[PDB]
Amino acid sequence: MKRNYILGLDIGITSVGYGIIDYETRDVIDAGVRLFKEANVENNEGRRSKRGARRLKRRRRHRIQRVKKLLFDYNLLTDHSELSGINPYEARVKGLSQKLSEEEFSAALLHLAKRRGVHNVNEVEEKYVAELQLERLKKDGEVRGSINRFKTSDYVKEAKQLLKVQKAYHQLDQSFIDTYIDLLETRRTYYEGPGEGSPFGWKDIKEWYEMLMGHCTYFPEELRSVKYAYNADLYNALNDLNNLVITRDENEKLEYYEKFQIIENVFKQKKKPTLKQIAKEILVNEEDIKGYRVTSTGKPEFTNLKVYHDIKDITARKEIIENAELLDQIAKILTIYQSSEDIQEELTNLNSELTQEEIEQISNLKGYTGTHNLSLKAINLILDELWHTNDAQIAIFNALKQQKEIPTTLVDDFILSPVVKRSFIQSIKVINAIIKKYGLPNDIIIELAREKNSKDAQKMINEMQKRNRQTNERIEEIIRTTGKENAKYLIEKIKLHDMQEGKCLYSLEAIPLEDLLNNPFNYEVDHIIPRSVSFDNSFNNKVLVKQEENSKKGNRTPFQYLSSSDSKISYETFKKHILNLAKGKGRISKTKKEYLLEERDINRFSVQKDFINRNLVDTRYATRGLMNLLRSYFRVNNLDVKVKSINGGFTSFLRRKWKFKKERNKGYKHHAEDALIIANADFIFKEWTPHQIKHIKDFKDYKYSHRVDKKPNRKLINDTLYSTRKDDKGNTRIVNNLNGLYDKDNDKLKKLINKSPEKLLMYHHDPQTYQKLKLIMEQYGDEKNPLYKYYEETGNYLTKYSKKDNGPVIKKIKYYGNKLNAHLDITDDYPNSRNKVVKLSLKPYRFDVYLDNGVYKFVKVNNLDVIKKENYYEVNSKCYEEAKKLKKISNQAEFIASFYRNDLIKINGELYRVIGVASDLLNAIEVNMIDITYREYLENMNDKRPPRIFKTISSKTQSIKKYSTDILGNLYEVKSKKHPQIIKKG
RNA sequence: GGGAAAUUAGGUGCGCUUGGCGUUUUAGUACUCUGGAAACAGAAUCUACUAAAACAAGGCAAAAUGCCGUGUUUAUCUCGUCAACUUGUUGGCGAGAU
DNA sequence: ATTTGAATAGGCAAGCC
DNA sequence: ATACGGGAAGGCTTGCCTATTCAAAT
DNA sequence: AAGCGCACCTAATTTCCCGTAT
Ligand SMILES: [Mg+2]
Ligand SMILES: [Mg+2]
Ligand SMILES: [Mg+2]
């Protein structure tokens with residue numbers, strides 16, 4: 001309005017605090033907090049992963065259907081053909097010698113196409129798979145599982161033989177055989193991506209690459225150069241030489257002729273120039289030359305012309321090798337195109353003086369990736385200036401060279417880290433809302449978190465890097481000498497191999513380096529702490545293990561896995577080994593050791609409270625980025641606003657200095673009262689007055705603004721499927737399963753038998769096996785798991801009752817669980833299912849309150865109740881009227897409001913924020929407190945209730961009102977429309 | 001003190017391509033019961049294996065290496081104006097109130 | 001004096017490598 | 001013509017069911 | 001789990017550029 005002020009900001013992961021202070025007096029004007037859900041990478045990773053899975057399953061289904069059509073066409077399959085009782089492993093093994101029936105033949109081909117193995121980068125090009133598979137079926141009693149992993153080439157070898165034999169007896173031609181093998185072996189590449197129509201797709205390779213690659217600095221509407229173009233490497237070569245300073249008679253910097261002869265005789269002759277070779281061309285001692293790039297080890301480093309040497313080595317024709325424009329084109333193609341057969345065509349279309357022999361050698365070159373920072377346009381501009389003048393690139397480009405509110409799109413271009421992007425978008429929206437309400441600030445301040453590096457630390461880091469380089473160089477040498485393909489995945493495995501003394505950490509069995517190199521697929525990089533639980537992809541959370549061991553461990557810690565019946569070794573043995581490995585100098589890091597020896601119960605939710613891990617301190621680039629965005633904005637529009645930043649640590653100092661304890665468990669206000677300190681900081685530092693901090697500390701009128709989510713088509717329901725059963729009383733119940741029966745510390749079954757023997761299905765259905773199990777529980781009652789002792793003492797799993805001791809092992813036990821109420825019924829996907837097939841956890845969209853003859857009532861609208869149309873979502877009318885009927889809501893009932901997640905609700909005069917509908921049936925809604933989480937409210941009190949609030953909406957309820965806050969946290973009793981919303985455009 | 005480029009060491013993100021499982025139903029075989037000299041028939045749906053099918057609810061498409069569906073942004077209401085399709089409602093923009 | 005209904009508290013489970 | 005205040009000392013997830021305790025009605 | 005493209009960030013090393021305040 002008129003009064004001038006300062007704007008403090010405490011930007012956070014979940015919050016943006018703000019503080020506003022009179023520029024003259026330094027009295028608090030206002031202060032508040034804007035709270036939001038942390039933007040976790042898990043969320044989108046989920047969405048992407050599931051999109052991937054959906055395509056894999058779609059493509060399998062479509063491949064099976066393409067095969068069927070081919071069998072219909074060659075009249076091997078009909079609508080009325082019996083494929084039901086035909087064991088395809090028998091039919092595969094039979095058909096490699098004898099005639100199959102049309103049905104057996106169809107069974108076999110369909111079985112192959114369903115499951116057709118891996119095809120991996122590793123390969124460049126005595127029994128069959130079906131022979132080995134039938135052998136295991138007979139010996140081990142089973143086929144499917146982790147050991148069922150074969151190469152597609154192994155499957156194609158079988159199919160070709162099957163079709164060679166069968167071609168005689170069935171009428172099928174080479175067209176059939178060619179078609180079938182294509183279906184079987186074929187798949188899309190990473191650079192093809194989806195089919196036509198995809199929002200995620202692309203037309204061709206160049207479109208694909210153009211979309212991805214970055215833009216030039218000095219010429220924005222131009223894509224960068226590829227890293228290894230001749231002019232790009234020659235550019236980098238000249239900058240090195242221009243930086244050189246020599247102590248000689250004559251000019252200290254190099255002259256044109258000297259640079260020319262150096263490039264021609266050193267950089268074009270020698271693959272890796274050395275200071276000696278440059279020193280000889282000048283005819284001056286090495287020590288005279290100073291000002292060169294240095295390797296971490298200490299060697300002088302000079303730019304290497306990649307393409308020149310690569311092509312020269314193939315063919316040294318001066319027509320080719322002394323033509324920059326061609327050497328830039330070849331480079332581009334080699335970077336952009338991916339497969340050799342694509343490169344060959346693209347070179348042949350280039351219309352050059354290269355021969356087909358030469359082209360075929362060019363197409364098998366490696367290491368062409370990445371981009372230079374400039375475009376060719378920018379390089380070809382300045383190349384003459386670098387040739388002649390000993391000038392810096394910046395100097396040459398320097399020589400030759402609306403809005404009302406801060407727009408939120410401008411962050412998008414440069415910040416890309418999901419968490420931070422969200423905090424910043426909120427922060428700009430918060431600043432805009434203040435500038436509107438209070439006019440322009442004099443100063444804006446932001447909490448920077450700077451981390452200066454100590455000298456001793458730098459030295460250690462340098463020493464560490466020096467040590468790491470040596471290991472990497474050796475690994476590279478091993479790959480160079482073994483003749484094996486240089487790969488970014490091989491280096492990691494080799495590093496882990498050396499770290500682990502060439503042993504699998506889970507089995508302690510040897511991983512021979514030679515075997516690792518020849519059969520890399522037998523060994524997998526495992527996460528110590530599951531990726532699904534943690535967010536750690538660091539080397540410290542990675543181990544090299546056998547494929548089989550990785551499959552068995554699953555989403556368990558080493559402790560959980562090695563304590564199970566599935567492990568080859570005991571946890572105690574493992575622990576001893578790890579501790580022994582830790583005794584060495586640079587064997588295993590402390591963090592890795594801790595992960596390997598993690599004994600806490602670590603699941604996806606339990607770990608949330610635990611494991612602060614690597615926090616988001618990486619906001620230095622961000623803080624710089626933000627203030628550059630803001631300063632730019634004010635500068636352009638001519639607004640006198642002084643944007644600043646202060647160090648993270650500094651705030652804490654003033655708190656200790658002025659005796660103002662950072663209050664955990666007191667509420668969200670801490671974020672705001674941090675902001676007010678930032679705003680005063682300068683004044684506080686000058687008067688090393690109690691009165692001003694009295695204002696900050698005694699201030700009360702804080703404001704909170706929780707963000708409200710109204711997005712349709714979020715997760716609808718939980719994935720898991722459940723069978724049901726009607727019990728003795730005629731109550732439909734979910735069927736559960738007890739797994740891990742033979743584990744040391746598992747008392748689930750022993751508890752269940754003592755409490756509720758009648759809950760087991762085998763109590764009713766296999767009484768003889770039940771009585772047989774009860775004798776075990778009685779025998780080894782004293783332990784946690786009677787079955788563990790049964791396995792330990794006798795060495796035999798519990799088998800179903802049989803007269804001749806030939807019943808199968810028992811591995812899971814089904815028992816009756818909870819009663820079935822709120823569910824989604826998916827039973828029509830299972831034709832002739834006797835019982836009901838269901839999913840659980842109907843996830844809420846909103847709830848709509850109604851006032852009916854003085855009685856408050858509400859409807860839950862499920863996400864399932866909302867359906868995408870052309871460009872809008874629609875709440876389903878039939879589902880909605882049905883829902884009102886179960887709630888007995890009259891046609892003469894007044895609609896009050898709709899409550900989304902975090903919407904504000906005043907129930908009997910008490911304000912809360914909405915979480916959801918605890919129970920539709922009982923009419924309960926879960927809420928939370930506004931200024932503090934209810935959990936923390938109870939902790940500060942030292943109360944031991946459950947930390948959840950539930951509110952019943954009933955004839956007892958007296959008033960329900962909806963409230964709303966602006967972004968700043970100004971609170972308003974809000975009005976509603978006459979009817980609920982049905983359409984949602986976005 | 002800010003910014004830039006090169007090399008090295010180490011991370012993060014977005015997008016794509018595959019494998020093997022897991023959950024559930026139906027069928028077959030084994031397991032248990034009954035009848036039968038035997039082949040086998042009926043019951044039971046427990047415990048195990050193999051096959052086929054489904055896997056966020058669903059929506060397009062039409063023989064195709066077919067395509068989409070769990071992310072992002074997102075106080076509320078009224079009035080003017082433009083747009084959309086559902087034709088009386090909701091999006092964008094501007095103004096006002098809570 | 002005993003039985004039934006409503007409110008509050010205890011608690012399990014959630015797709016993967 | 002040259003240095004830019006520094007050494008100092010923070011998480012909640014929720015949908016929903018079952019079991020236990022108290023007050024009102026038969 | 002296998003494996004590919006592009007982008008961005010941190011740290012270390014060498015060189016270059018620029019503005020404001022003491
Ligand atoms: Mg802070
Ligand atoms: Mg694993
Ligand atoms: Mg904070």
# chains A, B, ... in the order shown; residues from 1 in each chain; ligands from 1
>>> residues_around(residues="residue 53 (chain B)", least_positions_apart="3", cutoff="12 Å", atoms="only C-alpha atoms (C1' of nucleotides)", output="list in words")
residues 61, 828, 829, 830 and 831 of chain A; 24, 25, 26 and 27 of chain B
>>> interface_residues(of="chain B", to="chain A", cutoff="7 Å", atoms="only C-alpha atoms (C1' of nucleotides)", output="number ranges by chain")
B: 8-9, 13, 16-21, 23-26, 28, 31, 46-49, 54, 56-57, 65-67, 70-71, 74-77, 90-91, 98
>>> interface_residues(of="chain A", to="chain C", cutoff="12 Å", atoms="only C-alpha atoms (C1' of nucleotides)", output="ChimeraX atom specification")
/A:46,49-50,53,146,524-527,530-533,547-556,603-605,717-721,736,817-818,839-841,922,924,944-952,954
>>> residues_around(residues="residue 577 (chain A)", least_positions_apart="2", cutoff="12 Å", atoms="only C-alpha atoms (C1' of nucleotides)", output="ChimeraX atom specification")
/A:500-501,503-508,569-575,579-584,588,593,596-597
>>> write_last_selection(atoms="C-alpha atoms", output="PDB file, in the first residue's frame")
ATOM      1  CA  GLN A 500      34.806 -58.186  -2.914  1.00  0.00           C
ATOM      2  CA  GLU A 501      37.998 -60.267  -3.490  1.00  0.00           C
ATOM      3  CA  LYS A 503      33.566 -63.477  -4.215  1.00  0.00           C
ATOM      4  CA  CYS A 504      29.757 -63.392  -4.126  1.00  0.00           C
ATOM      5  CA  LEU A 505      28.983 -61.662  -0.800  1.00  0.00           C
ATOM      6  CA  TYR A 506      25.732 -63.642  -0.278  1.00  0.00           C
ATOM      7  CA  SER A 507      27.083 -67.148  -1.028  1.00  0.00           C
ATOM      8  CA  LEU A 508      30.821 -66.408  -0.475  1.00  0.00           C
ATOM      9  CA  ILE A 569      25.199 -69.525   4.425  1.00  0.00           C
ATOM     10  CA  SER A 570      24.329 -68.229   7.913  1.00  0.00           C
ATOM     11  CA  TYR A 571      24.148 -64.490   8.689  1.00  0.00           C
ATOM     12  CA  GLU A 572      26.794 -65.032  11.403  1.00  0.00           C
ATOM     13  CA  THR A 573      29.258 -66.362   8.781  1.00  0.00           C
ATOM     14  CA  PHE A 574      28.393 -63.436   6.480  1.00  0.00           C
ATOM     15  CA  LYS A 575      28.777 -60.866   9.272  1.00  0.00           C
ATOM     16  CA  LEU A 579      33.849 -57.360   9.416  1.00  0.00           C
ATOM     17  CA  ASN A 580      37.056 -59.011   8.133  1.00  0.00           C
ATOM     18  CA  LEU A 581      36.729 -57.135   4.811  1.00  0.00           C
ATOM     19  CA  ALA A 582      36.251 -53.863   6.747  1.00  0.00           C
ATOM     20  CA  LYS A 583      39.591 -54.369   8.598  1.00  0.00           C
ATOM     21  CA  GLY A 584      41.499 -53.533   5.349  1.00  0.00           C
ATOM     22  CA  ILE A 588      34.808 -51.480   2.131  1.00  0.00           C
ATOM     23  CA  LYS A 593      29.483 -51.942   5.841  1.00  0.00           C
ATOM     24  CA  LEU A 596      25.554 -54.879   4.602  1.00  0.00           C
ATOM     25  CA  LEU A 597      25.049 -55.224   8.372  1.00  0.00           C
TER      26      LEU A 597
END
>>> residues_around(residues="region 4-20 of chain D", least_positions_apart="6", cutoff="7 Å", atoms="only C-alpha atoms (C1' of nucleotides)", output="PyMOL selection string")
(chain A and resi 608-609+841+918-919) or (chain B and resi 1)
>>> write_last_selection(atoms="N, CA, C and O atoms (P, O5', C5', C4', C3', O3' and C1' of nucleotides)", output="PDB file, in the first residue's frame")
ATOM      1  N   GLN A 608      10.871 -44.617   6.537  1.00  0.00           N
ATOM      2  CA  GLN A 608      10.594 -43.198   6.353  1.00  0.00           C
ATOM      3  C   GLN A 608      11.090 -42.406   7.561  1.00  0.00           C
ATOM      4  O   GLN A 608      11.794 -41.410   7.382  1.00  0.00           O
ATOM      5  N   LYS A 609      10.717 -42.840   8.776  1.00  0.00           N
ATOM      6  CA  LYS A 609      11.170 -42.162   9.986  1.00  0.00           C
ATOM      7  C   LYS A 609      12.696 -42.243  10.072  1.00  0.00           C
ATOM      8  O   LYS A 609      13.348 -41.243  10.380  1.00  0.00           O
ATOM      9  N   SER A 841      -8.728 -51.401  -1.035  1.00  0.00           N
ATOM     10  CA  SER A 841      -8.262 -50.025  -0.871  1.00  0.00           C
ATOM     11  C   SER A 841      -8.780 -49.145  -2.011  1.00  0.00           C
ATOM     12  O   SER A 841      -8.036 -48.764  -2.911  1.00  0.00           O
ATOM     13  N   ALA A 918     -12.373 -42.375   6.513  1.00  0.00           N
ATOM     14  CA  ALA A 918     -11.913 -43.563   7.213  1.00  0.00           C
ATOM     15  C   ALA A 918     -12.851 -44.722   6.883  1.00  0.00           C
ATOM     16  O   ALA A 918     -12.396 -45.764   6.417  1.00  0.00           O
ATOM     17  N   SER A 919     -14.160 -44.509   7.083  1.00  0.00           N
ATOM     18  CA  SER A 919     -15.161 -45.520   6.799  1.00  0.00           C
ATOM     19  C   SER A 919     -16.396 -44.859   6.200  1.00  0.00           C
ATOM     20  O   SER A 919     -17.089 -44.107   6.885  1.00  0.00           O
TER      21      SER A 919
ATOM     22  P     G B   1      35.938 -16.654  -2.894  1.00  0.00           P
ATOM     23  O5'   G B   1      35.162 -15.279  -3.252  1.00  0.00           O
ATOM     24  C5'   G B   1      34.149 -14.773  -2.340  1.00  0.00           C
ATOM     25  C4'   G B   1      33.270 -13.771  -3.053  1.00  0.00           C
ATOM     26  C3'   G B   1      32.397 -14.316  -4.191  1.00  0.00           C
ATOM     27  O3'   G B   1      31.126 -14.693  -3.672  1.00  0.00           O
ATOM     28  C1'   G B   1      33.575 -12.343  -4.909  1.00  0.00           C
TER      29        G B   1
END
